[PDB]
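Take a look at this one chain, the form deposited in one PDB entry, written out in structure tokens.
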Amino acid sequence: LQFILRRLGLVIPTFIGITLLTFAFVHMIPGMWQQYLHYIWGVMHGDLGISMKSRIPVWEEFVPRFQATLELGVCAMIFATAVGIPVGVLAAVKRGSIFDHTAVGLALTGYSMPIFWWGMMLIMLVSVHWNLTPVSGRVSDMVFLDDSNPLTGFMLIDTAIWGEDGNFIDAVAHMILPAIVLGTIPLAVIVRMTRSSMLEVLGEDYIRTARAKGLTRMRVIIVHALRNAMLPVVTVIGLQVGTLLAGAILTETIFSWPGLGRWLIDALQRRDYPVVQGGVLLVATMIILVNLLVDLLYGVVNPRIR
């Protein structure tokens, strides 16, 4: 109980602050107490505003963007977690090898990467010179789905369950470059943190006890070290998931992706403040719920808290 209650007691003051600053933005930049109550009452009924170019409600624009951003963010974080964790463990276990110097070297290069430029380079190499993978969009303009079906709005699900033959490998081919491009800073940070964490843990007194019990080197690494070295990792993961939208504004623009970052930056370039004002509230909201989820996850894995 008490750990959850202690963290909710910091989330609520933050959510009140986000709501007060969004009310200040909506009052000061047009497209006290009674007006604040009227504003948050409207937001709770879904009245986030009307988008100036389309005249569609901001929530009815948002839902497709959130799905198409979450699908991309999931794939990018799958790439980063799957590839990054094994490499950081091997780098710490093989300290000073050609593998360690290459893993540290490539991670430092990814952590310093201008995301928008590197996606232009992969369009130029993979899509223009080698011609392996499509340059633009979420699925090929060949692909269309009967709207009669209970389509989820996630293309990797929808084109598998209700798609024609050969449409699913199209929905995957369009996903590869956006997921690698968005996943690169997360991958670099997961390699860096997994390595430093593992070298910290491999130097602890309980690893000397694990060796002194006669345990195999693989069991000392996977059972004893990695369970402890994962706690820090969890944190960073949480951090990066919040930062993925930053990378998505840059990534979605070059790949012409339907998405929440492209919708926001087009609104900021238009001065379409109804989309910006509703959008920063929903984005803010998601971040603090994600943060809360992560910290509940950390307090479940961590016995010191549990």
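In this text, residue numbers run from 1 along the sequence as written. Here the rigid core means the biggest group of C-alpha atoms that line up within 1.5 Å when the two forms are laid on top of each other.
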Subject >> Unmodelled stretch of the deposited sequence separating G242 from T243, binned as none, 1 to 3, 4 to 9 or 10 or more >> reply: none
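Although it is not shown, the form deposited in another entry is what the next lines describe.
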Original post:
Once you align the rigid core, which of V74, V172, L202, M113 turns out to move its Cα at least 2 Å between this form and the one not shown?
Top reply: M113
Original post:
Taking the rigid core as the reference frame, is the Cα of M44 displaced by 2 Å or more between this form and the one not shown?
Top reply: yes
Original post:
When the two forms are laid on each other by their rigid core, does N228 show a Cα shift of 2 Å or more between this form and the one not shown?
Top reply: no
**OP:** Answer yes if the CA of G96 moves 2 Å or more between this form and the one not shown after aligning the rigid core, and no otherwise.
**Re:** no
Original post:
So the C-alpha spacing of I12 and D295 changes by 3 Å or more in the other entry; is that change toward closer or farther than shown?
Top reply: farther
**OP:** Looking in the other entry, decide if the C-alpha atoms of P13 and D295 are closer or farther than in the form shown; they differ by 3 Å or more.
**Re:** farther
